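J.: Structure: protein_19.txt, compact mmCIF, C-alpha atoms.
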# COMPACT_ATOMS: atom_id res chain seq x y z
CA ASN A 52 0.00 0.00 0.00
CA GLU A 53 3.01 2.31 -0.48
CA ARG A 54 3.46 4.37 -3.65
CA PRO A 55 5.82 7.22 -4.56
CA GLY A 56 4.44 10.70 -3.93
CA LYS A 57 2.32 9.63 -0.94
CA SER A 58 2.70 8.36 2.61
CA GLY A 59 4.17 4.88 2.94
CA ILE A 60 4.22 4.62 6.73
CA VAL A 61 3.79 1.08 8.09
CA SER A 62 3.23 0.54 11.81
CA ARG A 63 5.60 -1.68 13.80
CA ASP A 64 2.71 -3.64 15.26
CA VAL A 65 4.70 -6.83 15.89
CA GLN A 66 8.14 -5.26 16.36
CA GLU A 67 6.89 -4.00 19.72
CA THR A 68 5.41 -7.44 20.41
CA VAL A 69 8.68 -9.29 19.84
CA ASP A 70 10.46 -6.59 21.86
CA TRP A 71 8.00 -7.36 24.68
CA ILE A 72 8.48 -11.14 24.58
CA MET A 73 12.26 -10.63 24.56
CA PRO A 74 12.77 -8.92 27.97
CA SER A 75 9.96 -10.28 30.13
CA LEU A 76 10.16 -13.92 29.10
CA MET A 77 13.95 -13.88 28.74
CA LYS A 78 14.27 -12.65 32.33
CA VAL A 79 11.58 -15.00 33.68
CA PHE A 80 13.33 -17.91 31.95
CA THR A 81 16.66 -16.68 33.37
CA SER A 82 15.32 -16.25 36.91
CA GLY A 83 17.76 -18.06 39.18
CA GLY A 84 17.30 -21.79 38.77
CA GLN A 85 13.55 -22.28 39.19
CA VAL A 86 13.36 -23.59 35.61
CA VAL A 87 13.42 -27.23 36.75
CA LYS A 88 11.85 -29.18 39.61
CA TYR A 89 11.90 -32.97 39.25
CA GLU A 90 9.20 -33.64 41.88
CA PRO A 91 11.62 -36.01 43.62
CA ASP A 92 11.12 -39.31 45.39
CA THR A 93 10.58 -39.19 49.14
CA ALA A 94 13.33 -41.74 49.84
CA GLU A 95 16.08 -39.71 48.13
CA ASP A 96 15.72 -36.13 46.88
CA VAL A 97 19.06 -34.35 47.39
CA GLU A 98 21.21 -36.95 45.63
CA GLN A 99 19.13 -37.23 42.45
CA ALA A 100 16.79 -34.24 42.05
CA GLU A 101 18.61 -31.11 43.22
CA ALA B 505 18.38 -43.39 36.28
CA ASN B 506 16.48 -42.01 33.30
CA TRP B 507 13.25 -42.20 35.34
CA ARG B 508 11.27 -41.29 32.20
CA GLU B 509 9.54 -38.51 34.18
CA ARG B 510 10.31 -34.81 34.59
CA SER B 511 8.24 -31.80 35.63
CA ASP B 512 8.57 -28.06 34.95
CA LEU B 513 5.55 -26.77 36.87
CA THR B 514 7.54 -24.47 39.20
CA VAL B 515 8.17 -21.72 36.64
CA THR B 516 4.89 -19.93 35.85
CA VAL B 517 1.29 -19.26 36.96
CA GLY B 518 1.07 -23.00 37.61
CA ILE B 519 2.61 -24.33 40.83
CA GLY B 520 5.27 -21.87 39.85
CA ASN B 521 6.27 -19.79 42.88
CA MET B 522 7.08 -16.76 40.73
CA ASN B 523 8.88 -13.68 42.02
CA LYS B 524 5.87 -11.35 42.15
CA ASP B 525 3.62 -13.72 44.10
CA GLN B 526 6.45 -14.84 46.38
CA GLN B 527 7.48 -11.25 47.17
CA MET B 528 3.98 -9.96 47.91
CA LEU B 529 2.57 -13.04 49.65
CA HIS B 530 5.62 -13.68 51.83
CA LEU B 531 6.63 -10.13 52.73
CA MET B 532 3.08 -9.19 53.75
CA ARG B 533 1.11 -12.24 54.88
CA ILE B 534 3.82 -14.55 56.17
CA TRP B 535 5.51 -11.61 57.90
CA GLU B 536 2.27 -10.75 59.70
CA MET B 537 1.66 -14.42 60.54
CA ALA B 538 5.21 -14.92 61.84
CA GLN B 539 5.00 -11.82 64.02
CA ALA B 540 1.64 -13.01 65.37
CA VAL B 541 3.07 -16.47 66.10
CA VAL B 542 6.13 -15.04 67.85
CA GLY B 543 4.24 -12.43 69.88
CA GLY B 544 1.38 -14.34 71.48
CA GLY B 545 1.17 -17.46 69.34
CA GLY B 546 4.07 -19.30 70.95
CA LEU B 547 7.82 -19.83 70.57
CA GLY B 548 8.66 -23.38 71.66
CA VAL B 549 5.57 -25.18 70.33
CA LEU B 550 4.55 -23.47 67.07
CA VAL B 551 6.79 -22.54 64.13
CA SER B 552 10.07 -22.12 66.00
CA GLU B 553 13.57 -20.84 65.28
CA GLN B 554 14.41 -24.12 63.51
CA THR C 404 -7.82 28.29 7.25
CA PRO C 405 -9.72 24.97 7.40
CA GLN C 406 -10.54 23.83 10.91
CA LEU C 407 -8.41 21.12 12.50
CA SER C 408 -9.85 18.02 14.12
CA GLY C 409 -9.96 18.64 17.85
CA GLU C 410 -7.67 15.75 18.75
CA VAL C 411 -4.54 16.02 16.57
CA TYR C 412 -2.89 17.69 19.57
CA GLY C 413 -3.54 14.59 21.69
CA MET C 414 -2.15 12.33 18.96
CA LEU C 415 1.38 13.18 20.12
CA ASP C 416 0.63 11.50 23.46
CA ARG C 417 0.17 8.13 21.77
CA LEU C 418 3.46 8.29 19.85
CA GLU C 419 5.22 9.51 23.01
CA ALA C 420 3.84 6.49 24.87
CA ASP C 421 4.94 4.26 21.97
CA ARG C 422 8.57 5.28 21.76
CA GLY C 423 8.66 5.11 25.53
CA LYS C 424 7.19 1.62 25.08
CA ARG C 425 10.26 0.73 23.03
CA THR C 426 12.79 0.97 25.89
CA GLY C 427 12.00 3.90 28.21
CA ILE C 428 8.34 3.54 29.26
CA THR C 429 9.09 5.44 32.49
CA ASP C 430 7.39 8.83 32.58
CA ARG C 431 9.73 11.40 31.00
CA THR C 432 12.34 8.60 31.15
CA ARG C 433 13.19 10.03 34.57
CA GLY C 434 12.02 9.98 38.17
CA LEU C 435 11.02 12.98 40.29
CA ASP C 436 8.76 13.55 43.29
CA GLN C 437 8.38 16.92 45.02
CA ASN C 438 5.31 16.54 47.25
CA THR C 439 4.29 12.90 46.89
CA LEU C 440 5.98 10.48 49.29
CA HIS C 441 7.35 6.98 48.76
CA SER C 442 6.40 4.43 51.41
CA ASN C 443 8.74 1.59 52.41
CA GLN C 444 6.88 -1.64 53.22
CA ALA C 445 9.00 -4.40 51.62
CA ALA C 446 11.77 -3.00 49.39
CA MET C 447 9.24 -0.21 48.67
CA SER C 448 7.05 -2.02 46.14
CA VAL C 449 9.99 -4.23 45.66
CA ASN C 450 12.86 -2.58 43.78
CA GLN C 451 10.62 0.09 42.21
CA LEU C 452 8.24 -2.35 40.51
CA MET C 453 11.18 -4.70 39.78
CA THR C 454 13.20 -2.09 37.87
Let me see whether you can do it: turn the structure in this file into structure tokens.
T.:
Amino acid sequence: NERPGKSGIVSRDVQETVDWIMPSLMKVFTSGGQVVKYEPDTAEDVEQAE
Amino acid sequence: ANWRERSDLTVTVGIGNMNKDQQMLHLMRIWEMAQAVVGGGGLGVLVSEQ
Amino acid sequence: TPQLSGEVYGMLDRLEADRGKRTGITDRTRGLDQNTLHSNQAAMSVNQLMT
């Protein structure tokens, strides 16, 4: 919808979206080490899960 | 042992003790509850130093 | 001259909010309080709304 002699402005509708998924989810993913929790056995948990 | 089983439910709005909920819930409610327990709730019977 | 639509002036607010939305959403990209007070309960709304 862009032609010479007129406005050819296209909104960055999804550029802002991807720039919102980058920081929030990148930091939540990289939040300490809470990414994994094996739900360990009661008999042994420290040796195998953590 | 492969154990064929793994869980990742401690990351998000699931089980997921996320930073926002942990911060608010702990620092307000568990702080009030701990002060109430220490003050007149008991020291050697209820939730103790250990 | 032909009359303007009575909201073109407020159209700058949306673009201002947008290019703040890029990286600097904070108002004016700066912090200032002169009469309002900040209350410390637990890291004062922890770490200023988590940075």
J.: Skip segment 83-97 of chain A itself and residues of its chain fewer than 3 positions away, then list as a list in words all residues within 12 Å of it, counting only C-alpha atoms.
T.: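 So, after excluding close chain neighbours, the residues are residues 77, 78, 79, 80, 100 and 101 of chain A; 506, 507, 508, 509, 510, 511, 512, 513, 514, 515, 516, 519, 520, 521, 522 and 523 of chain B.
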J.: What separation in Å, quoted to one decimal, exists between atom CA of residue 429 of chain C and atom CA of residue 70 of chain A?
T.: 16.1 Å
J.: What are the residues of chain C lining chain B at 12 Å or less? Count only C-alpha atoms, and put the answer as number ranges by chain.
T.: C: 443-450, 452-453
J.: Write the residues of the selection above to a file with C-alpha atoms, as a compact mmCIF listing (two decimals), in the frame of the given file.
T.:
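So again07.txt came out as:
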# COMPACT_ATOMS: atom_id res chain seq x y z
CA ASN C 443 8.74 1.59 52.41
CA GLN C 444 6.88 -1.64 53.22
CA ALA C 445 9.00 -4.40 51.62
CA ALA C 446 11.77 -3.00 49.39
CA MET C 447 9.24 -0.21 48.67
CA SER C 448 7.05 -2.02 46.14
CA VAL C 449 9.99 -4.23 45.66
CA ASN C 450 12.86 -2.58 43.78
CA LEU C 452 8.24 -2.35 40.51
CA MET C 453 11.18 -4.70 39.78
J.: Can you write out as JSON lines which residues of chain A fall within 10 Å of chain C, alongside each residue's closest atom pair and its distance in Å to one decimal, counting only C-alpha atoms and ordering rows by chain and ascending residue number?
T.:
{"residue": "A:66", "atom": "CA", "partner": "C:425", "partner_atom": "CA", "distance": 9.2}
{"residue": "A:67", "atom": "CA", "partner": "C:425", "partner_atom": "CA", "distance": 6.7}
{"residue": "A:68", "atom": "CA", "partner": "C:425", "partner_atom": "CA", "distance": 9.9}
{"residue": "A:70", "atom": "CA", "partner": "C:425", "partner_atom": "CA", "distance": 7.4}
{"residue": "A:71", "atom": "CA", "partner": "C:425", "partner_atom": "CA", "distance": 8.6}
J.: Can you work out which one of A:82, A:98, A:63, A:58 has the shortest atom-to-atom distance to chain B, counting all atoms listed in the file?
T.: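 Smallest distance to chain B is found for A:82.
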J.: Which distance in Å separates atom CA of residue 537 of chain B and atom CA of residue 549 of chain B, to one decimal?
T.: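 Atom CA of residue 549 of chain B lies at a distance of 15.1 Å from atom CA of residue 537 of chain B.
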J.: Could you tell me how far atom CA of residue 542 of chain B lies from atom CA of residue 554 of chain B, in Å and to one decimal?
T.: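 Answer for the atom CA of residue 542 of chain B to atom CA of residue 554 of chain B separation: 13.0 Å.
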J.: Box along x, y and z, 8 Å on every side, all listed atoms of segment 88-101 of chain A inside: centre and edge lengths in Å to one decimal, as lines of an AutoDock Vina configuration file.
T.:
center_x = 15.2
center_y = -35.5
center_z = 44.5
size_x = 28.0
size_y = 28.6
size_z = 26.6
